[PDB]
Amino acid sequence: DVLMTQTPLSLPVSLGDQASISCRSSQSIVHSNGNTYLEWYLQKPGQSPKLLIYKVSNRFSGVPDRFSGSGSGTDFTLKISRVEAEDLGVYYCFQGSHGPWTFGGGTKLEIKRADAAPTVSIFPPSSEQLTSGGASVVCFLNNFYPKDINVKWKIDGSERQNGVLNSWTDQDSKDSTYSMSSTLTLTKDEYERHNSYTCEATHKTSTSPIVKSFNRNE
Amino acid sequence: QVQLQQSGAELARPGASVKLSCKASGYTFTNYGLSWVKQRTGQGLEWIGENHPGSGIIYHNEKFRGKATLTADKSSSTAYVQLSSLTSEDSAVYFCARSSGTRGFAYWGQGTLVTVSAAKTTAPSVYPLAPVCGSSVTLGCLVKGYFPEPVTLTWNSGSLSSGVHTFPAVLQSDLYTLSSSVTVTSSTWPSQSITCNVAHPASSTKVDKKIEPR
Ligand SMILES: NC(=O)[C@@H]1CCCN1
């Protein structure tokens, strides 16, 4: 099978800047009929893939002229001029020349924006959940950049390392930020045996952790 | 108006099969190829196979020998893929795509999520996330302990969307948990109701949670 290797794997690029994506094939991808079926596709977060370019460098109708392709032999390049937020997602090359047809592994395009501190919010368990014997404390770390961040939980001042469940969004093109949810779950019984619950977010935008907390007796 | 409309999410069992549908409209079904493309969670794309509904020709991928059979009903302009001998790692989103010799995969269906698991369908619990003492206010909903994906979550029936963050579901044991936050002007809430609306098609569950202050 034709191996299609994309570099870089991850591509942070500022708004308005140019980006280039390389797609190398383990072998030639000229079909017997003379055509080179090298195509480029963009998959935005949570969407179906979109055709950008076919036969190496023909732009598909409806695709902005900012996308263009080149290459020959075993190295093909997608260029993005004047990157826009809507361009973020994963770019795939694809060969439809030799069986089986194969995609590249994909290139993650990230919008590189100004650093943004997380907006941190904390939420106690609902009474409804307590009824089932479990108790979830939720922390939102919203609209931060870059994606690198850590969340830590503390109960009555001491670090709690079990019961934690974390979820990370993909980058939001609305403002090129990331968000993250952390849920700390324990038994209702243990939840009621403590007073203070704290989540702490550590991010490059602050020398000190960002702290949000509540007391059950507040 | 070219459209490829795919069937809804599936829960398939290990060792079993599932048939996916892809109904074409807005063009002549039998004038183009039709490919299926698979995509695993946090993984890239993979071509499964192609059939030409006009001629009945099938382009095969040996990697899917005994795992995929492609058919088509010319009458209803609908393409099918039968995925068999399923295992857990066949869990993926499956797309259909109109496939032309001039341009390639120019049009794609919206994708069908296929979960392969022996776990039972479980309805979600939906819990309100009411803020505590701490210019804008952020509220949320916690959607806990459901299976399989997907759920849909909206705020005030879709009216609020600009301040919303919905997070990807995380699987723990055989149950998913998801959360969603909504940020609004401190003047809006609580002097204005904010409600998260959750649907879990697999269990025909709908749940509303009005966010009330503590
Ligand atoms: N034989 C080939 O190279 C291609 C692959 C699928 C059909 N034609």
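Just so you know, these numbers use all the heavy atoms, side chains as well, and skip hydrogens, waters and symmetry mates. Each chain gets a letter, A, B and so on, in the order its sequence line appears, and its residues count up from 1.
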Top residue by heavy-atom pair count (under 4.5 Å) with chain B, among [options]?
options: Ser121(A), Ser181(A), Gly104(A); result: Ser181(A)
options: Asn58(A), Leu52(A), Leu165(A), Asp172(A); result: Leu165(A)
options: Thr102(A), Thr169(A), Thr119(A); result: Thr169(A)
options: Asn143(A), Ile122(A), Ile53(A); result: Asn143(A)
options: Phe214(A), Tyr92(A), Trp168(A), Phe60(A); result: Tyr92(A)
options: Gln47(A), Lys55(A), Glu39(A); result: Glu39(A)

Exercise for review: With a 4.5 Å heavy-atom cut-off (strictly below), which parts of residues 163-174 of chain B touch chain A? List them by number.
Suggested key: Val164(B), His165(B), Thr166(B), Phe167(B), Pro168(B), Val170(B), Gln172(B)
Practice item. Indicate yes or no for a side-chain donor-acceptor contact from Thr78(B) to the backbone of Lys23(B) under 3.5 Å, with no hydrogens or angles considered. Key: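 Between the backbone of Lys23(B) and the side chain of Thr78(B) there is no qualifying donor-acceptor contact (under 3.5 Å).
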Per-residue contact mode, [X] against chain A (heavy atom under 4.5 angstrom):
X: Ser125(B); value: neither
X: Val37(B); value: side chain
X: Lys144(B); value: side chain
X: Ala106(B); value: both
X: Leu142(B); value: side chain
X: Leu178(B); value: neither
X: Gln43(B); value: backbone
X: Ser35(B); value: side chain

Only pairs of heavy atoms separated by less than 4.5 Å count here; which of [options] has the most with chain A?
options: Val137(B), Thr183(B), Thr102(B), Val93(B); result: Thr102(B)
options: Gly104(B), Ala130(B), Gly101(B); result: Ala130(B)
options: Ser99(B), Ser136(B), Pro128(B), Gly111(B); result: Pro128(B)
options: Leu129(B), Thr177(B), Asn61(B); result: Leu129(B)

Side chain / backbone / both / neither for [X] at chain B, heavy atoms under 4.5 Å:
X: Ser127(A); answer: neither
X: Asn166(A); answer: backbone
X: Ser61(A); answer: neither
X: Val138(A); answer: side chain

Practice item. Answer with yes or no whether the side chains of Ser182(A) and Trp153(A) bring together a donor and an acceptor at under 3.5 Å. Key: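 Side-chain D/A pair, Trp153(A) to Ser182(A): present.
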For the residue pair [X] and [Y], is the inter-centroid distance of their aromatic rings smaller than 6.0 Å?
X: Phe123(A); Y: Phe140(A); result: yes
X: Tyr32(B); Y: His52(B); result: no
X: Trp101(A); Y: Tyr59(B); result: yes
X: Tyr197(A); Y: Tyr191(A); result: yes
X: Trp40(A); Y: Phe76(A); result: no

Point to revise | Cationic N near anionic O, under 4.0 Å, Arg40(B) to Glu89(B) | key: no
**Study point:** Ion pair check, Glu190(A) and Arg160(A), cut-off under 4.0 Å
**Key:** yes
Check your understanding: Do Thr198(A) and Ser196(A) touch side chain to side chain, with heavy atoms closer than 4.5 Å?
Key ->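 The answer is yes, as the side chains (C-beta and beyond) meet within the 4.5 Å cut-off.
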Point to revise | Pairwise side-chain contact, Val81(B) with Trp36(B), heavy-atom cut-off 4.5 Å (strictly under) | key: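 With C-beta onward as the side chain, the pair touches.
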**Study point:** NZ or CZ of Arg59(A) within 45° of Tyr54(A) ring axis and under 6.0 Å
**Key:**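 Geometry flag: not set, cation outside 6.0 Å or 45°.
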Point to revise | Cation-pi geometry met for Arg98(B) and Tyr27(B) (6.0 Å, 45°) | key: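 Judged by the rule, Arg98(B) and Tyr27(B) form a cation-pi pair.
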Review point. How are the rings of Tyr37(A) and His31(A) set to each other: parallel, tilted or perpendicular (split at 30° and 60°)?
Key: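 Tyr37(A) and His31(A): perpendicular rings.
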Review point. Run the side-chain contact (heavy atoms from CB on, under 4.5 Å) check on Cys196(B) and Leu153(B) step by step: do they pass?
Key: CA-CA 7 Å; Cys196(B) 75; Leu153(B) 179 332; 4.2 Å; yes
Practice item. Specify the closest pair of heavy atoms between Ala19(A) and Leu11(A), including all atoms of both residues, with the distance to one decimal. Key: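 Of all heavy-atom pairs spanning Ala19(A) and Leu11(A), the closest is CB-CD2, 3.7 Å.
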Point to revise | Option from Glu110(A), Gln171(A), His203(A) for which side-chain hydrogen bond (donor to acceptor under 3.5 Å, both in side chains) with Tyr145(A) holds | key: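 The residue from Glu110(A), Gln171(A), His203(A) that satisfies side-chain hydrogen bond (donor to acceptor under 3.5 Å, both in side chains) with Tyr145(A) turns out to be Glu110(A).
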